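Just one chain follows, in the form deposited in one PDB entry, and it is written as structure tokens.
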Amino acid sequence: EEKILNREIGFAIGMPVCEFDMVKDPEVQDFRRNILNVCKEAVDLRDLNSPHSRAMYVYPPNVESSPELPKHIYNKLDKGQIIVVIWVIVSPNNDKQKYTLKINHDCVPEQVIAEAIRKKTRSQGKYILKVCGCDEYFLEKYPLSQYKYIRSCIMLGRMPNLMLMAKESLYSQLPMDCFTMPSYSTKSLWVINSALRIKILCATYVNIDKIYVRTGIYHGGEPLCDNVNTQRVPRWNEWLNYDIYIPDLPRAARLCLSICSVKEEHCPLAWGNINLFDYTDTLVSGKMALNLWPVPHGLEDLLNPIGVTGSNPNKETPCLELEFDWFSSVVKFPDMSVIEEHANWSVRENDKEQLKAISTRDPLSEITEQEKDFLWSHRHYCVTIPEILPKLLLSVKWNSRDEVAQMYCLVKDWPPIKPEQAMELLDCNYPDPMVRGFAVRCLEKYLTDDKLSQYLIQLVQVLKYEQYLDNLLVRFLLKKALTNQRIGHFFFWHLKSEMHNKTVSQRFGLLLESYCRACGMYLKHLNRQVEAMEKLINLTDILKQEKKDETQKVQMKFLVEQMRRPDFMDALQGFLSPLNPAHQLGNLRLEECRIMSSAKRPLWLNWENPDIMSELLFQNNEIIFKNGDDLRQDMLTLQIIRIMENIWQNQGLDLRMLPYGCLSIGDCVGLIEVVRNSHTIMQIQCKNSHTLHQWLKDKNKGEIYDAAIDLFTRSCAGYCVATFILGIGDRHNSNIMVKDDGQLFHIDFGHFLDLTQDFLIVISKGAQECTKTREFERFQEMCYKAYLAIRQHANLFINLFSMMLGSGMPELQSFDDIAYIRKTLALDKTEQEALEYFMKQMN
């Protein structure tokens, strides 16, 4: 019954569900019950047009955001038509019959199926089209070229191989749903005319010269008043008085505490932050016990205002007891109507052009005090340039309820903005729940499932910035994960991979419980993925701890011996790939598995593809399992590279990049996708500057030589511009790879935000004066055009990095690290001045 489901949920999260039942925090138990509404809404969407809607949840169409094909992709077609191969399995003997078609690139799946039926019968709608070799279906009326698989075949010049499948054969393999409910289911702040005061009672569990408590009232990372310290001494029993009146406290105000140690040398020993208002909008009052957190490396200040809000779950840590005033009644933050009343009671063409100039500045551009006052005075004209909302929100004095009431009214009527601009309002700079709610509404209105999958790692990270467990953002993400299994799969893994981090364990564990309770039979597939990953984690841990010093041959004897055990073989075969759940990982080809001699000794694993038409895609799936490397920098880099490639493709610049798959599975463990038929530059050379070009010529003889040199040039141009803008380091010949067809790509992105002679000879087709050929001038023009196209999209890139500021990545800890892109992109210069800077760097 439910005891079975709770056991399976526990195995998926890596935490027994009864641990959440034991938590007495009312916010936790209210979240567990209230999130079930989102679960029921999603389950209802899945049964609305059953069984078609159930099939589209499990197998959502993998399409691009727009049906429009860029001019250079349309040119690859034959008079706007594509040649596709439709296969039909005609049992007995499982015989494969192919029928080749030449149809319009925008033909919907049913038109393609009808043309195949016509060609077959020359010797109605109870069929569906599947991609040969993987579990990807064409279940929706999109034009064929919009499907990522088809669009990928047009570019690349490959032939689409689709399979005509009986609609009944798919629907019968979909499970029967249940999603049954679990067993676990005043005065106004503005009338308190006193300044804020908080009593610091005593600190337990605090085993140099003296100790004191450092405190501050903050809104985001910005202090609303000066910091106040207790006396150096531990019992203080002292009331701390702040230079801020209670009615001027914004809704997202937080108390940031610290226990510091003392030409005096100061150092934080522990920190803790408390929301001044709880999840029910009640101002905190009475006694409270805050368990503090250890100081994170590289703090550079006495307080941590960006850090997680709430008491440390480990109650055997420094515990600071605090007392808040009680004003005889429960104090609440005023209703929207009350705020509206106070906002009302609070009240040139050269100026319109000055607002337009400020509006075009990037998120990290400095806005002077004169400019902040200028923007705020024209706050009413600003509703006509909606892209200026983030700049106007920074101009508001958040410690003044008169300005904040007026800002709330402007936000309540603000025109919707594009998702990439609404995402800037979801970083740590904008804590206000009305600002954050506006941003989420822009995402619900305009974010496609495609763009949501693309920006999933920033949206899962910005969940950590929410003040409360139940919020608009988490409800949006969970609804999208519970209505699109491809989004849900990555949503599950992005959360699970952070369960080891205790500052987020509770939030992410509760969110994972809701997801597992409502995802349906996919939980059984997720448990197989989790079980295979645990066997690999334990195995690689035994290798890196016990058999660490033994030889590679002795380690391989142990790996084969461990992997041949029944328990291990069953766990490592017949499960979906966490890198791409559309790929089934059948039988382990142990003869092809090897312990690599690369850093941290990763495992190169090879599994058969059990698809009946595996030969039309890939017969074997090769994945690297790594233990010891933080795959988060690689994830972020590969996401940026994919975004840069789309910016170039859509602007008509055909620069082909290779953002191979890379999923973090937990604490410094992950999977990396093996790009088939690839070799490092060092391998090509060790099997002189003219060696590389010679290897490419031996592999590509004839007309296919021109294609390989062109592809090499384009891919090389994209990676020179990308590595430049991002400041990617350690670009030696073992981190740069090349494919049989000339495609160049980089690997291992351990360094970010800080052209060999062999490539120039390949680009110039063999010439000795390579830097003087016309091919080098054409390659140089590609770089300049690629550089300027990305510079036009700088606000997107600055925002995608800014959302990663609180991930804990050593390379991105502050806005000074993101400022590296402001220098390479030369955002403080003109388009002509930036191109000349880039040209000087290239020359």
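We number the residues from 1 along the sequence you see. Here, rigid core means the biggest group of C-alpha atoms that superpose within 1.5 Å across both forms.
Determine, among the other compared PDB entries that model residues flanking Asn344, whether at least a third leave it unmodelled. No, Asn344 is modelled in every other compared entry.
Do at least a third of the other compared PDB entries leave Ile208 without coordinates? In at least a third of the other entries, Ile208 has no coordinates.
What size is the break between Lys71 and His72 in terms of deposited sequence residues left without coordinates: none, 1 to 3, 4 to 9, or 10 or more? The entry has no gap there; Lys71 and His72 are joined directly.
Unresolved deposited residues in the interval that joins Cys202 and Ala203: Gap size class: none, per the record.
What stretch has the higher average Cα B-factor here, 734 to 742 or 190 to 198? That would be 190 to 198.
Per the PDB record, is the mean Cα temperature factor higher over 385 to 393 or over 477 to 485? The entry gives the higher C-alpha B-factor average to 385 to 393.
Choose from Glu466, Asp630, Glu673, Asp373 the residue with the greatest Cα B-factor as stated in the PDB record. That would be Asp373, according to the entry.
Considering only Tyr515, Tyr719, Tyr455, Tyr705, which residue's Cα atom bears the greatest B-factor as recorded? Answer for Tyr515, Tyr719, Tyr455, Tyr705: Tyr705, with the highest C-alpha B-factor.
Where the record places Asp758 (Cα B-factor, split into thirds across the chain): For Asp758, whose C-alpha B-factor we compare with every modelled residue in the chain, the answer is the highest third.
Third of chain Cα B-factors occupied by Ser715: Its C-alpha B-factor belongs to the middle third of this chain's values.
Please rank the C-alpha B-factors of the chain's modelled residues and tell me whether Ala357 sits in the lowest, middle or highest third. Highest third - that is where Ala357 ends up once the chain's C-alpha B-factors are sorted.
Where the record places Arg54 (Cα B-factor, split into thirds across the chain): Within its chain, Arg54 is a lowest-third residue by C-alpha B-factor, going by the deposited values.
Can you tell me which third, lowest, middle or highest, the CA B-factor of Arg528 falls into for its chain? Its C-alpha B-factor, which the entry lists for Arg528, ranks in the lowest third among residues of this chain.
The same protein has a further form, the form deposited in another entry, not shown here; the description that follows concerns it.
Taking only shifts of 2 Å or more in Cα after a rigid core superposition between this form and the one not shown, tell me which of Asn75, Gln552, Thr280, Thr180 qualifies. The displaced C-alpha is that of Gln552.
Is there a C-alpha shift of 2 Å or more at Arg564 between this form and the one not shown once the rigid core is superposed? Comparing the forms between this form and the one not shown, which are aligned on their rigid core, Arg564 does shift its C-alpha by 2 Å or more.
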